[PDB]
$ cat final.pdb   # PDB, C-alpha atoms and all ligand atoms
ATOM      1  CA  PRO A  11       0.000   0.000   0.000  1.00  0.00           C
ATOM      2  CA  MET A  12       0.949   3.666  -0.547  1.00  0.00           C
ATOM      3  CA  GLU A  13       1.726   5.035   2.939  1.00  0.00           C
ATOM      4  CA  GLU A  14      -1.157   6.651   4.785  1.00  0.00           C
ATOM      5  CA  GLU A  15      -0.438   8.745   7.872  1.00  0.00           C
ATOM      6  CA  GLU A  16      -2.729  10.694  10.213  1.00  0.00           C
ATOM      7  CA  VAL A  17      -2.319  14.358  11.170  1.00  0.00           C
ATOM      8  CA  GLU A  18      -4.057  16.861  13.407  1.00  0.00           C
ATOM      9  CA  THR A  19      -3.748  20.611  12.874  1.00  0.00           C
ATOM     10  CA  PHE A  20      -4.160  22.922  15.879  1.00  0.00           C
ATOM     11  CA  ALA A  21      -4.295  26.638  16.618  1.00  0.00           C
ATOM     12  CA  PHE A  22      -1.967  28.066  19.276  1.00  0.00           C
ATOM     13  CA  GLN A  23      -3.917  29.572  22.154  1.00  0.00           C
ATOM     14  CA  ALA A  24      -4.465  33.228  21.203  1.00  0.00           C
ATOM     15  CA  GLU A  25      -2.122  34.781  23.769  1.00  0.00           C
ATOM     16  CA  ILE A  26       0.667  32.241  23.121  1.00  0.00           C
ATOM     17  CA  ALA A  27       0.281  33.158  19.462  1.00  0.00           C
ATOM     18  CA  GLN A  28       0.988  36.802  20.423  1.00  0.00           C
ATOM     19  CA  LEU A  29       4.029  35.860  22.487  1.00  0.00           C
ATOM     20  CA  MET A  30       5.484  33.814  19.675  1.00  0.00           C
ATOM     21  CA  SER A  31       5.045  36.766  17.327  1.00  0.00           C
ATOM     22  CA  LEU A  32       6.721  39.175  19.759  1.00  0.00           C
ATOM     23  CA  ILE A  33       9.474  36.614  20.158  1.00  0.00           C
ATOM     24  CA  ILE A  34      10.046  36.241  16.389  1.00  0.00           C
ATOM     25  CA  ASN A  35       9.508  39.749  15.009  1.00  0.00           C
ATOM     26  CA  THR A  36      11.483  41.623  17.637  1.00  0.00           C
ATOM     27  CA  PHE A  37      15.185  41.780  18.243  1.00  0.00           C
ATOM     28  CA  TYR A  38      16.636  40.444  21.478  1.00  0.00           C
ATOM     29  CA  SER A  39      20.246  40.143  22.417  1.00  0.00           C
ATOM     30  CA  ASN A  40      21.127  37.309  24.835  1.00  0.00           C
ATOM     31  CA  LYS A  41      19.494  34.691  22.646  1.00  0.00           C
ATOM     32  CA  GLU A  42      21.819  31.907  23.861  1.00  0.00           C
ATOM     33  CA  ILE A  43      19.518  31.374  26.911  1.00  0.00           C
ATOM     34  CA  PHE A  44      17.326  29.233  24.606  1.00  0.00           C
ATOM     35  CA  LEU A  45      19.806  26.414  25.135  1.00  0.00           C
ATOM     36  CA  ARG A  46      19.612  26.837  28.913  1.00  0.00           C
ATOM     37  CA  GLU A  47      15.826  26.541  28.646  1.00  0.00           C
ATOM     38  CA  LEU A  48      15.985  23.316  26.593  1.00  0.00           C
ATOM     39  CA  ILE A  49      18.460  21.638  28.923  1.00  0.00           C
ATOM     40  CA  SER A  50      16.318  22.521  31.995  1.00  0.00           C
ATOM     41  CA  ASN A  51      13.153  20.927  30.516  1.00  0.00           C
ATOM     42  CA  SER A  52      15.202  17.848  29.643  1.00  0.00           C
ATOM     43  CA  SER A  53      16.620  17.806  33.175  1.00  0.00           C
ATOM     44  CA  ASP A  54      13.144  18.173  34.733  1.00  0.00           C
ATOM     45  CA  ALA A  55      11.726  15.269  32.645  1.00  0.00           C
ATOM     46  CA  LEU A  56      14.771  13.202  33.715  1.00  0.00           C
ATOM     47  CA  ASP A  57      14.117  14.011  37.404  1.00  0.00           C
ATOM     48  CA  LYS A  58      10.532  12.813  36.866  1.00  0.00           C
ATOM     49  CA  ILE A  59      11.235   9.314  35.539  1.00  0.00           C
ATOM     50  CA  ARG A  60      13.962   8.790  38.135  1.00  0.00           C
ATOM     51  CA  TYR A  61      11.492   9.684  40.926  1.00  0.00           C
ATOM     52  CA  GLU A  62       8.845   7.315  39.520  1.00  0.00           C
ATOM     53  CA  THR A  63      11.666   4.800  39.186  1.00  0.00           C
ATOM     54  CA  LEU A  64      12.303   4.648  42.966  1.00  0.00           C
ATOM     55  CA  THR A  65       8.930   3.014  43.369  1.00  0.00           C
ATOM     56  CA  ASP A  66       8.550   1.163  40.125  1.00  0.00           C
ATOM     57  CA  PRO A  67      11.730  -0.095  38.404  1.00  0.00           C
ATOM     58  CA  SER A  68       9.720  -1.597  35.523  1.00  0.00           C
ATOM     59  CA  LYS A  69       9.172   2.029  34.612  1.00  0.00           C
ATOM     60  CA  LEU A  70      12.763   1.772  33.217  1.00  0.00           C
ATOM     61  CA  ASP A  71      12.331  -1.223  30.940  1.00  0.00           C
ATOM     62  CA  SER A  72      11.926   1.407  28.223  1.00  0.00           C
ATOM     63  CA  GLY A  73      15.458   2.718  29.093  1.00  0.00           C
ATOM     64  CA  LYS A  74      17.799   2.624  32.136  1.00  0.00           C
ATOM     65  CA  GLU A  75      20.268   5.296  30.949  1.00  0.00           C
ATOM     66  CA  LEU A  76      19.549   8.877  32.190  1.00  0.00           C
ATOM     67  CA  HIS A  77      21.223  11.422  29.911  1.00  0.00           C
ATOM     68  CA  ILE A  78      20.936  14.299  27.428  1.00  0.00           C
ATOM     69  CA  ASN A  79      22.443  14.336  23.896  1.00  0.00           C
ATOM     70  CA  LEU A  80      23.358  17.488  21.935  1.00  0.00           C
ATOM     71  CA  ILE A  81      23.628  17.145  18.127  1.00  0.00           C
ATOM     72  CA  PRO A  82      24.421  19.987  15.748  1.00  0.00           C
ATOM     73  CA  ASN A  83      24.181  19.344  11.982  1.00  0.00           C
ATOM     74  CA  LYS A  84      25.374  22.201   9.742  1.00  0.00           C
ATOM     75  CA  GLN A  85      24.235  20.412   6.585  1.00  0.00           C
ATOM     76  CA  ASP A  86      20.638  20.364   7.820  1.00  0.00           C
ATOM     77  CA  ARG A  87      21.185  23.478   9.887  1.00  0.00           C
ATOM     78  CA  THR A  88      19.597  21.769  12.880  1.00  0.00           C
ATOM     79  CA  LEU A  89      20.507  21.650  16.567  1.00  0.00           C
ATOM     80  CA  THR A  90      18.857  18.635  18.151  1.00  0.00           C
ATOM     81  CA  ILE A  91      18.466  17.983  21.925  1.00  0.00           C
ATOM     82  CA  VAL A  92      17.817  14.375  23.054  1.00  0.00           C
ATOM     83  CA  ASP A  93      16.948  13.112  26.524  1.00  0.00           C
ATOM     84  CA  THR A  94      15.790   9.766  27.989  1.00  0.00           C
ATOM     85  CA  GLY A  95      13.329  11.363  30.445  1.00  0.00           C
ATOM     86  CA  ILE A  96       9.632  10.690  31.306  1.00  0.00           C
ATOM     87  CA  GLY A  97       8.337  11.773  27.886  1.00  0.00           C
ATOM     88  CA  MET A  98       4.966  13.238  26.951  1.00  0.00           C
ATOM     89  CA  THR A  99       1.583  11.507  26.497  1.00  0.00           C
ATOM     90  CA  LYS A 100      -0.679  12.994  23.817  1.00  0.00           C
ATOM     91  CA  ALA A 101      -2.445  15.242  26.330  1.00  0.00           C
ATOM     92  CA  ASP A 102       0.841  16.509  27.842  1.00  0.00           C
ATOM     93  CA  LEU A 103       1.927  17.706  24.369  1.00  0.00           C
ATOM     94  CA  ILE A 104      -1.388  19.299  23.423  1.00  0.00           C
ATOM     95  CA  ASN A 105      -1.878  20.950  26.837  1.00  0.00           C
ATOM     96  CA  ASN A 106       1.800  21.796  27.395  1.00  0.00           C
ATOM     97  CA  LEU A 107       2.781  22.822  23.881  1.00  0.00           C
ATOM     98  CA  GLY A 108       0.320  25.341  22.583  1.00  0.00           C
ATOM     99  CA  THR A 109      -3.337  24.451  23.048  1.00  0.00           C
ATOM    100  CA  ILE A 110      -3.900  25.562  26.654  1.00  0.00           C
ATOM    101  CA  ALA A 111      -3.387  29.098  28.011  1.00  0.00           C
ATOM    102  CA  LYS A 112      -0.387  29.721  30.245  1.00  0.00           C
ATOM    103  CA  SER A 113      -0.682  31.724  33.450  1.00  0.00           C
ATOM    104  CA  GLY A 114       2.573  33.534  32.602  1.00  0.00           C
ATOM    105  CA  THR A 115       1.939  34.757  29.035  1.00  0.00           C
ATOM    106  CA  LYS A 116       0.314  38.194  29.575  1.00  0.00           C
ATOM    107  CA  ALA A 117       2.751  39.228  32.349  1.00  0.00           C
ATOM    108  CA  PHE A 118       5.831  38.158  30.422  1.00  0.00           C
ATOM    109  CA  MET A 119       4.789  40.035  27.297  1.00  0.00           C
ATOM    110  CA  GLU A 120       4.349  43.144  29.404  1.00  0.00           C
ATOM    111  CA  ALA A 121       7.642  42.637  31.224  1.00  0.00           C
ATOM    112  CA  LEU A 122       9.312  42.519  27.730  1.00  0.00           C
ATOM    113  CA  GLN A 123       7.711  45.823  26.604  1.00  0.00           C
ATOM    114  CA  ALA A 124       8.829  47.391  29.893  1.00  0.00           C
ATOM    115  CA  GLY A 125      12.352  46.300  28.810  1.00  0.00           C
ATOM    116  CA  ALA A 126      12.878  43.024  30.689  1.00  0.00           C
ATOM    117  CA  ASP A 127      15.581  40.552  29.682  1.00  0.00           C
ATOM    118  CA  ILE A 128      14.460  37.761  27.317  1.00  0.00           C
ATOM    119  CA  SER A 129      16.236  35.592  29.892  1.00  0.00           C
ATOM    120  CA  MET A 130      13.226  36.005  32.253  1.00  0.00           C
ATOM    121  CA  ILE A 131      11.208  33.835  29.840  1.00  0.00           C
ATOM    122  CA  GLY A 132      11.704  30.684  31.961  1.00  0.00           C
ATOM    123  CA  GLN A 133      10.469  32.274  35.184  1.00  0.00           C
ATOM    124  CA  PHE A 134       7.170  33.178  33.550  1.00  0.00           C
ATOM    125  CA  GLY A 135       6.456  29.533  32.642  1.00  0.00           C
ATOM    126  CA  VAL A 136       6.905  29.880  28.849  1.00  0.00           C
ATOM    127  CA  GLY A 137      10.605  29.043  28.293  1.00  0.00           C
ATOM    128  CA  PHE A 138       9.987  26.494  25.525  1.00  0.00           C
ATOM    129  CA  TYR A 139       9.128  29.440  23.262  1.00  0.00           C
ATOM    130  CA  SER A 140      12.720  30.681  23.607  1.00  0.00           C
ATOM    131  CA  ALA A 141      13.329  28.204  20.788  1.00  0.00           C
ATOM    132  CA  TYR A 142      11.868  30.621  18.257  1.00  0.00           C
ATOM    133  CA  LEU A 143      14.584  33.225  19.086  1.00  0.00           C
ATOM    134  CA  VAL A 144      16.948  31.126  17.015  1.00  0.00           C
ATOM    135  CA  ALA A 145      14.709  28.664  15.092  1.00  0.00           C
ATOM    136  CA  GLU A 146      12.216  29.031  12.207  1.00  0.00           C
ATOM    137  CA  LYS A 147      10.750  25.599  12.801  1.00  0.00           C
ATOM    138  CA  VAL A 148      10.782  23.272  15.756  1.00  0.00           C
ATOM    139  CA  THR A 149       9.907  19.553  15.800  1.00  0.00           C
ATOM    140  CA  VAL A 150       9.299  17.725  19.163  1.00  0.00           C
ATOM    141  CA  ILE A 151       9.411  13.872  19.188  1.00  0.00           C
ATOM    142  CA  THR A 152       8.299  12.278  22.415  1.00  0.00           C
ATOM    143  CA  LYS A 153       7.632   8.830  23.887  1.00  0.00           C
ATOM    144  CA  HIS A 154       5.909   8.290  27.246  1.00  0.00           C
ATOM    145  CA  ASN A 155       5.400   4.843  28.885  1.00  0.00           C
ATOM    146  CA  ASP A 156       1.942   3.359  28.230  1.00  0.00           C
ATOM    147  CA  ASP A 157       1.359   5.594  25.218  1.00  0.00           C
ATOM    148  CA  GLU A 158       2.640   5.854  21.652  1.00  0.00           C
ATOM    149  CA  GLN A 159       5.247   8.107  20.093  1.00  0.00           C
ATOM    150  CA  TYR A 160       4.211  11.514  18.778  1.00  0.00           C
ATOM    151  CA  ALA A 161       5.742  14.237  16.628  1.00  0.00           C
ATOM    152  CA  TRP A 162       4.669  17.886  17.222  1.00  0.00           C
ATOM    153  CA  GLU A 163       5.846  20.472  14.755  1.00  0.00           C
ATOM    154  CA  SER A 164       5.455  24.249  14.134  1.00  0.00           C
ATOM    155  CA  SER A 165       6.870  27.094  12.039  1.00  0.00           C
ATOM    156  CA  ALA A 166       4.826  29.373  14.240  1.00  0.00           C
ATOM    157  CA  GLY A 167       2.354  31.377  12.138  1.00  0.00           C
ATOM    158  CA  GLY A 168      -0.143  30.530  14.903  1.00  0.00           C
ATOM    159  CA  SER A 169      -0.468  26.842  14.096  1.00  0.00           C
ATOM    160  CA  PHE A 170       0.969  23.394  14.962  1.00  0.00           C
ATOM    161  CA  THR A 171       0.557  19.739  14.085  1.00  0.00           C
ATOM    162  CA  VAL A 172       0.680  16.474  16.001  1.00  0.00           C
ATOM    163  CA  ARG A 173       0.907  12.969  14.517  1.00  0.00           C
ATOM    164  CA  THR A 174       1.496   9.419  15.804  1.00  0.00           C
ATOM    165  CA  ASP A 175       5.162   9.090  14.884  1.00  0.00           C
ATOM    166  CA  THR A 176       6.174   6.393  12.408  1.00  0.00           C
ATOM    167  CA  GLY A 177       9.855   7.493  12.303  1.00  0.00           C
ATOM    168  CA  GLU A 178      12.817   6.233  14.368  1.00  0.00           C
ATOM    169  CA  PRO A 179      11.669   5.008  17.851  1.00  0.00           C
ATOM    170  CA  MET A 180      13.193   6.210  21.112  1.00  0.00           C
ATOM    171  CA  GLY A 181      11.983   3.848  23.808  1.00  0.00           C
ATOM    172  CA  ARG A 182      11.314   6.831  26.031  1.00  0.00           C
ATOM    173  CA  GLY A 183      11.911  10.552  26.242  1.00  0.00           C
ATOM    174  CA  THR A 184      11.726  13.677  24.151  1.00  0.00           C
ATOM    175  CA  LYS A 185      13.780  14.861  21.206  1.00  0.00           C
ATOM    176  CA  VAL A 186      13.687  18.477  20.079  1.00  0.00           C
ATOM    177  CA  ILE A 187      14.907  19.467  16.592  1.00  0.00           C
ATOM    178  CA  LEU A 188      15.564  23.183  16.024  1.00  0.00           C
ATOM    179  CA  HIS A 189      15.754  24.377  12.408  1.00  0.00           C
ATOM    180  CA  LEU A 190      17.900  27.447  12.920  1.00  0.00           C
ATOM    181  CA  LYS A 191      17.361  30.744  11.096  1.00  0.00           C
ATOM    182  CA  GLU A 192      20.308  31.741   8.833  1.00  0.00           C
ATOM    183  CA  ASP A 193      21.575  34.548  11.030  1.00  0.00           C
ATOM    184  CA  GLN A 194      21.770  32.108  13.958  1.00  0.00           C
ATOM    185  CA  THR A 195      24.038  29.415  12.553  1.00  0.00           C
ATOM    186  CA  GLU A 196      26.566  30.196  15.312  1.00  0.00           C
ATOM    187  CA  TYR A 197      24.733  27.665  17.508  1.00  0.00           C
ATOM    188  CA  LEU A 198      25.775  24.816  15.219  1.00  0.00           C
ATOM    189  CA  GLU A 199      29.340  25.633  16.191  1.00  0.00           C
ATOM    190  CA  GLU A 200      30.984  23.257  18.669  1.00  0.00           C
ATOM    191  CA  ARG A 201      32.968  26.008  20.385  1.00  0.00           C
ATOM    192  CA  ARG A 202      29.890  28.114  20.987  1.00  0.00           C
ATOM    193  CA  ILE A 203      27.770  25.181  22.230  1.00  0.00           C
ATOM    194  CA  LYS A 204      30.426  24.220  24.845  1.00  0.00           C
ATOM    195  CA  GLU A 205      30.711  27.843  25.891  1.00  0.00           C
ATOM    196  CA  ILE A 206      26.977  28.201  26.351  1.00  0.00           C
ATOM    197  CA  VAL A 207      26.729  24.846  28.147  1.00  0.00           C
ATOM    198  CA  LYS A 208      29.613  25.477  30.512  1.00  0.00           C
ATOM    199  CA  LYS A 209      28.250  28.939  31.327  1.00  0.00           C
ATOM    200  CA  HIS A 210      24.549  28.310  31.864  1.00  0.00           C
ATOM    201  CA  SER A 211      24.163  24.641  32.465  1.00  0.00           C
ATOM    202  CA  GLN A 212      26.582  23.613  35.215  1.00  0.00           C
ATOM    203  CA  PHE A 213      23.823  22.773  37.772  1.00  0.00           C
ATOM    204  CA  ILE A 214      22.576  19.973  35.507  1.00  0.00           C
ATOM    205  CA  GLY A 215      22.796  16.536  37.134  1.00  0.00           C
ATOM    206  CA  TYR A 216      22.733  14.277  34.079  1.00  0.00           C
ATOM    207  CA  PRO A 217      25.643  13.806  31.663  1.00  0.00           C
ATOM    208  CA  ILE A 218      25.473  15.959  28.506  1.00  0.00           C
ATOM    209  CA  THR A 219      27.114  14.492  25.418  1.00  0.00           C
ATOM    210  CA  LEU A 220      27.903  16.693  22.452  1.00  0.00           C
ATOM    211  CA  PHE A 221      28.132  14.850  19.108  1.00  0.00           C
ATOM    212  CA  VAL A 222      30.442  16.652  16.741  1.00  0.00           C
ATOM    213  CA  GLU A 223      30.385  16.102  12.974  1.00  0.00           C
TER     214      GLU A 223
HETATM  215  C1  LIG A 301      14.212  19.914  25.448  1.00  0.00           C
HETATM  216  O1  LIG A 301      12.804  20.209  25.547  1.00  0.00           O
HETATM  217  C2  LIG A 301      12.040  19.344  26.255  1.00  0.00           C
HETATM  218  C3  LIG A 301      12.577  18.242  26.882  1.00  0.00           C
HETATM  219  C4  LIG A 301      11.771  17.385  27.607  1.00  0.00           C
HETATM  220  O2  LIG A 301      12.352  16.319  28.223  1.00  0.00           O
HETATM  221  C5  LIG A 301      10.392  17.630  27.716  1.00  0.00           C
HETATM  222  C6  LIG A 301       9.499  16.709  28.454  1.00  0.00           C
HETATM  223  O3  LIG A 301       9.167  15.673  27.911  1.00  0.00           O
HETATM  224  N1  LIG A 301       9.039  17.052  29.704  1.00  0.00           N
HETATM  225  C7  LIG A 301       8.171  16.179  30.510  1.00  0.00           C
HETATM  226  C8  LIG A 301       8.233  16.835  31.865  1.00  0.00           C
HETATM  227  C9  LIG A 301       7.802  16.372  33.100  1.00  0.00           C
HETATM  228  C10 LIG A 301       7.972  17.156  34.233  1.00  0.00           C
HETATM  229  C11 LIG A 301       8.569  18.402  34.130  1.00  0.00           C
HETATM  230  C12 LIG A 301       8.986  18.880  32.895  1.00  0.00           C
HETATM  231  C13 LIG A 301       8.808  18.110  31.752  1.00  0.00           C
HETATM  232  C14 LIG A 301       9.201  18.383  30.321  1.00  0.00           C
HETATM  233  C15 LIG A 301       9.839  18.735  27.073  1.00  0.00           C
HETATM  234  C16 LIG A 301      10.637  19.613  26.332  1.00  0.00           C
HETATM  235  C17 LIG A 301       9.982  20.811  25.654  1.00  0.00           C
HETATM  236  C18 LIG A 301       9.392  20.436  24.305  1.00  0.00           C
HETATM  237  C19 LIG A 301       8.897  21.438  26.535  1.00  0.00           C
END
$ encode --input "final.pdb" --output "structure tokens" --more "lines below"
Ligand SMILES: COc1cc(O)c(C(=O)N2Cc3ccccc3C2)cc1C(C)C
Amino acid sequence: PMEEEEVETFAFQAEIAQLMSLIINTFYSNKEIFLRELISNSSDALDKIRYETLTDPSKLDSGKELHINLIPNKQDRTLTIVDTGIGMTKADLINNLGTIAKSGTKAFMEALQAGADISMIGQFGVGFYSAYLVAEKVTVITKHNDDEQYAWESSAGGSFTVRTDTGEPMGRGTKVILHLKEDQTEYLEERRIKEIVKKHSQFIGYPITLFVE
């Protein structure tokens, strides 16, 4: 048979759609904090599975290794983050990545117009959107125990898609692929990735491996 795959198209909650616009169509220095934000979500999802793990070891039969991979590809112009954390069910994605309103959205947008540092993004509960400071498209692949694997993808423009993922399986965790803008290729550079990591991510308690082409 010719392949047939299922897709669902969603609208970003109105206010999150505003934030994303602000984020993309405005200039901010200190963009490197996007990598700090990624690594912290990865680290939080890793905490989660490890906590569940204390009580139910079979929770790890989908993966015993707790770590975070970094993978820049200049050919594709992608920076990919990979962790072996808790993962996301379908609901988690939909409710966490765009559909549902965030308490922090209105305040953060205001704080930015008042001249606040883009770096505050995380504090206001919307740090995942820091990805659009450097990326024109973002793909999120995730696998949670007792559920299937999903792909979530957006180029912003107020919309996003979700689909049961047929691609390469990950046992468990989330993978985030950032398709960098052209002015932001500096984040595909090994030297700059190590510099950002060593500066902003030294509190992280899981090994970070950087794969270098
Ligand atoms: C790198 O971006 C991510 C990495 C992730 O592992 C995760 C993730 O799967 N989780 C689950 C979880 C559970 C408790 C607390 C936080 C989180 C985030 C998410 C992202 C971003 C796409 C938000």
$ residues_near_point --input "final.pdb" --point "(20.3, 40.3, 21.2)" --cutoff "12 Å" --atoms "all atoms listed in the file" --output "list in words"
residues 33, 36, 37, 38, 39, 40, 41, 42, 43, 44, 127, 128, 129, 143, 144, 193 and 194 of chain A
$ residues_around --input "final.pdb" --residues "residue 70 in chain A" --least-positions-apart "3" --cutoff "9 Å" --atoms "only C-alpha atoms" --output "mmCIF file with C-alpha atoms, in the coordinates of the input"
data_model
loop_
_atom_site.group_PDB
_atom_site.id
_atom_site.type_symbol
_atom_site.label_atom_id
_atom_site.label_comp_id
_atom_site.auth_asym_id
_atom_site.auth_seq_id
_atom_site.Cartn_x
_atom_site.Cartn_y
_atom_site.Cartn_z
ATOM 1 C CA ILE A 59 11.235 9.314 35.539
ATOM 2 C CA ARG A 60 13.962 8.790 38.135
ATOM 3 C CA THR A 63 11.666 4.800 39.186
ATOM 4 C CA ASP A 66 8.550 1.163 40.125
ATOM 5 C CA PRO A 67 11.730 -0.095 38.404
ATOM 6 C CA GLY A 73 15.458 2.718 29.093
ATOM 7 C CA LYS A 74 17.799 2.624 32.136
ATOM 8 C CA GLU A 75 20.268 5.296 30.949
ATOM 9 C CA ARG A 182 11.314 6.831 26.031
#
$ closest_residue --input "final.pdb" --among "A:161, A:130, A:92, A:104" --to "ligand LIG 301 (chain A)" --atoms "only C-alpha atoms and all ligand atoms"
A:92
$ axis_aligned_box --input "final.pdb" --around "ligand LIG 301 (chain A)" --padding-each-side "3 Å" --output "JSON"
{"center_x": 11.0, "center_y": 18.6, "center_z": 29.3, "size_x": 12.4, "size_y": 11.8, "size_z": 15.9}
$ residues_near_ligand --input "final.pdb" --ligand "ligand LIG 301 (chain A)" --cutoff "10 Å" --atoms "all atoms listed in the file" --output "PyMOL selection string"
chain A and resi 44-59+78+90-99+102-103+106-107+136-139+141+148-154+162+182-187
$ atom_distance --input "final.pdb" --atom1 "CA of residue 17 in chain A" --atom2 "CA of residue 170 in chain A"
10.3 Å
$ atom_distance --input "final.pdb" --atom1 "CA of residue 26 in chain A" --atom2 "CA of residue 192 in chain A"
24.3 Å
$ residues_near_point --input "final.pdb" --point "(24.5, 14.1, 27.8)" --cutoff "7 Å" --atoms "all atoms listed in the file" --output "compact mmCIF listing (two decimals) with C-alpha atoms, in the coordinates of the input"
# COMPACT_ATOMS: atom_id res chain seq x y z
CA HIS A 77 21.22 11.42 29.91
CA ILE A 78 20.94 14.30 27.43
CA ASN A 79 22.44 14.34 23.90
CA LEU A 80 23.36 17.49 21.94
CA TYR A 216 22.73 14.28 34.08
CA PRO A 217 25.64 13.81 31.66
CA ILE A 218 25.47 15.96 28.51
CA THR A 219 27.11 14.49 25.42
CA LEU A 220 27.90 16.69 22.45
$ decode --input "final.pdb" --residues "range 32-54 of chain A" --atoms "N, CA and C atoms" --output "PDB file, in the first residue's frame"
ATOM      1  N   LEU A  32       5.824  38.268  19.058  1.00  0.00           N
ATOM      2  CA  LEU A  32       6.721  39.175  19.759  1.00  0.00           C
ATOM      3  C   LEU A  32       8.125  38.595  19.714  1.00  0.00           C
ATOM      4  N   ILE A  33       8.219  37.335  20.123  1.00  0.00           N
ATOM      5  CA  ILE A  33       9.474  36.614  20.158  1.00  0.00           C
ATOM      6  C   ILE A  33      10.211  36.565  18.811  1.00  0.00           C
ATOM      7  N   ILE A  34       9.459  36.348  17.726  1.00  0.00           N
ATOM      8  CA  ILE A  34      10.046  36.241  16.389  1.00  0.00           C
ATOM      9  C   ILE A  34      10.306  37.547  15.621  1.00  0.00           C
ATOM     10  N   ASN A  35       9.430  38.526  15.796  1.00  0.00           N
ATOM     11  CA  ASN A  35       9.508  39.749  15.009  1.00  0.00           C
ATOM     12  C   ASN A  35      10.150  40.934  15.716  1.00  0.00           C
ATOM     13  N   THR A  36      10.805  40.629  16.834  1.00  0.00           N
ATOM     14  CA  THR A  36      11.483  41.623  17.637  1.00  0.00           C
ATOM     15  C   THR A  36      12.906  41.162  17.905  1.00  0.00           C
ATOM     16  N   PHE A  37      13.805  42.125  18.012  1.00  0.00           N
ATOM     17  CA  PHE A  37      15.185  41.780  18.243  1.00  0.00           C
ATOM     18  C   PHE A  37      15.521  41.695  19.731  1.00  0.00           C
ATOM     19  N   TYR A  38      16.194  40.613  20.108  1.00  0.00           N
ATOM     20  CA  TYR A  38      16.636  40.444  21.478  1.00  0.00           C
ATOM     21  C   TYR A  38      18.048  39.982  21.431  1.00  0.00           C
ATOM     22  N   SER A  39      18.876  40.593  22.258  1.00  0.00           N
ATOM     23  CA  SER A  39      20.246  40.143  22.417  1.00  0.00           C
ATOM     24  C   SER A  39      20.108  39.108  23.546  1.00  0.00           C
ATOM     25  N   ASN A  40      21.155  38.315  23.773  1.00  0.00           N
ATOM     26  CA  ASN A  40      21.127  37.309  24.835  1.00  0.00           C
ATOM     27  C   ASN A  40      20.208  36.168  24.432  1.00  0.00           C
ATOM     28  N   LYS A  41      20.329  35.746  23.177  1.00  0.00           N
ATOM     29  CA  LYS A  41      19.494  34.691  22.646  1.00  0.00           C
ATOM     30  C   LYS A  41      19.958  33.289  23.098  1.00  0.00           C
ATOM     31  N   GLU A  42      21.241  33.179  23.452  1.00  0.00           N
ATOM     32  CA  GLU A  42      21.819  31.907  23.861  1.00  0.00           C
ATOM     33  C   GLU A  42      21.071  31.196  24.991  1.00  0.00           C
ATOM     34  N   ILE A  43      20.279  31.934  25.778  1.00  0.00           N
ATOM     35  CA  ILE A  43      19.518  31.374  26.911  1.00  0.00           C
ATOM     36  C   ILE A  43      18.491  30.293  26.483  1.00  0.00           C
ATOM     37  N   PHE A  44      18.237  30.205  25.177  1.00  0.00           N
ATOM     38  CA  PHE A  44      17.326  29.233  24.606  1.00  0.00           C
ATOM     39  C   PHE A  44      17.872  27.852  24.884  1.00  0.00           C
ATOM     40  N   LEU A  45      19.189  27.719  24.883  1.00  0.00           N
ATOM     41  CA  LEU A  45      19.806  26.414  25.135  1.00  0.00           C
ATOM     42  C   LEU A  45      19.709  26.042  26.618  1.00  0.00           C
ATOM     43  N   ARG A  46      19.775  27.055  27.474  1.00  0.00           N
ATOM     44  CA  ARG A  46      19.612  26.837  28.913  1.00  0.00           C
ATOM     45  C   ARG A  46      18.179  26.334  29.165  1.00  0.00           C
ATOM     46  N   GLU A  47      17.211  26.939  28.480  1.00  0.00           N
ATOM     47  CA  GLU A  47      15.826  26.541  28.646  1.00  0.00           C
ATOM     48  C   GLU A  47      15.520  25.104  28.242  1.00  0.00           C
ATOM     49  N   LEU A  48      16.141  24.662  27.152  1.00  0.00           N
ATOM     50  CA  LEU A  48      15.985  23.316  26.593  1.00  0.00           C
ATOM     51  C   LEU A  48      16.513  22.272  27.553  1.00  0.00           C
ATOM     52  N   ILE A  49      17.742  22.507  28.005  1.00  0.00           N
ATOM     53  CA  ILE A  49      18.460  21.638  28.923  1.00  0.00           C
ATOM     54  C   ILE A  49      17.733  21.489  30.275  1.00  0.00           C
ATOM     55  N   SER A  50      17.111  22.568  30.756  1.00  0.00           N
ATOM     56  CA  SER A  50      16.318  22.521  31.995  1.00  0.00           C
ATOM     57  C   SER A  50      15.029  21.695  31.833  1.00  0.00           C
ATOM     58  N   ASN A  51      14.388  21.724  30.663  1.00  0.00           N
ATOM     59  CA  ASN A  51      13.153  20.927  30.516  1.00  0.00           C
ATOM     60  C   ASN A  51      13.528  19.450  30.484  1.00  0.00           C
ATOM     61  N   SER A  52      14.623  19.176  29.773  1.00  0.00           N
ATOM     62  CA  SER A  52      15.202  17.848  29.643  1.00  0.00           C
ATOM     63  C   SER A  52      15.552  17.313  31.030  1.00  0.00           C
ATOM     64  N   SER A  53      16.194  18.151  31.835  1.00  0.00           N
ATOM     65  CA  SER A  53      16.620  17.806  33.175  1.00  0.00           C
ATOM     66  C   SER A  53      15.434  17.564  34.095  1.00  0.00           C
ATOM     67  N   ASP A  54      14.382  18.378  33.962  1.00  0.00           N
ATOM     68  CA  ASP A  54      13.144  18.173  34.733  1.00  0.00           C
ATOM     69  C   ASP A  54      12.394  16.885  34.391  1.00  0.00           C
TER      70      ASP A  54
END
